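Okay, so here's just one chain, in structure tokens, the form deposited in one PDB entry.
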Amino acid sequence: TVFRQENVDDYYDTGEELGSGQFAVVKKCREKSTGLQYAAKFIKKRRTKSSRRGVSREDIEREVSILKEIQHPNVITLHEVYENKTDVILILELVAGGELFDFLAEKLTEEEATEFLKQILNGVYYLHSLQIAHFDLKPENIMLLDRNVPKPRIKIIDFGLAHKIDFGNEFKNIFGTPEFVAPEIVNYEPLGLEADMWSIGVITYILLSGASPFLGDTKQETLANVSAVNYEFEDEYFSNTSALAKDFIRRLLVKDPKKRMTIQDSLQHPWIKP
């Protein structure tokens, strides 16, 4: 699939950089024709078939295909795609309140945690309903619309590892951030929607305590901890956290993906359900 090959600069002006990573940079931008504002993600293309630099066309096209399917208040939306020799440029919905990660570093109560979590669960319910696994859920990939409100609204971003799961599972080169990946990722096993639910358990633990449940001193330690389900609720952090909140986490941080709560289970769980 090919994208718009006119110069993006003829249609958009860029401004503040919103973030950067491995082979991508995200810039605030404004469409010249409408004055409307967006986030432009510049993704570096591979220059040869065997290069390890840049993102493969196959991987770029998958991400764009997934983004085009999505329309839900809790997930980022895609406006347009451009490309040139060096980059694919995604013109994405602008979200200005920063990462949930940075909002967290600034300070949650169970109410504040569930307020965020319900939105995340709603977005993931939408995705999983469409058989889309995100595969990279973490606080860095949850953005706030406006961070100066008591209960900020959120949108899930970064579908770079996302996959359609038409056959119950996928087994591919898929591996996210060690702190948040499920044991089946660590062990290179077939992956399905269940992996996202584990990641939600990790996010929930962090929301409530400020601490990361499997984090070791090195990446290999973290991964070893994940595979062994080596976590516990520290009393210093969880002493005034409800047993029901702990129950919710405990039913997500389960090694056997078949025994893990599904997204539907999570919405019916007594900590979440009205």
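Position 1 is the first residue in the sequence shown; the rest follow in order. Only the largest set of C-alpha atoms that superpose within 1.5 Å between the two forms is called the rigid core.
One more form of this protein should be noted, the form deposited in another entry, which is absent from this view; the next part is about it.
Visitor: Against the rigid core, a Cα displacement of 2 Å or more between this form and the one not shown applies to just one of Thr114, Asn169, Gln131, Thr177. Which?
Guide: The listed residue whose C-alpha shifts by at least 2 Å is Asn169.
Visitor: Based on a C-alpha change of 3 angstroms or more, tell me if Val149 and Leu36 lie closer or farther in that other deposited form than in the shown form.
Guide: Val149 and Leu36 sit closer together in that other deposited form.
Visitor: How does the CA gap of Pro150 and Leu36 change in that other deposited form versus this form, closer or farther, if it moves 3 angstroms or more?
Guide: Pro150 and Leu36 sit closer together in that other deposited form.
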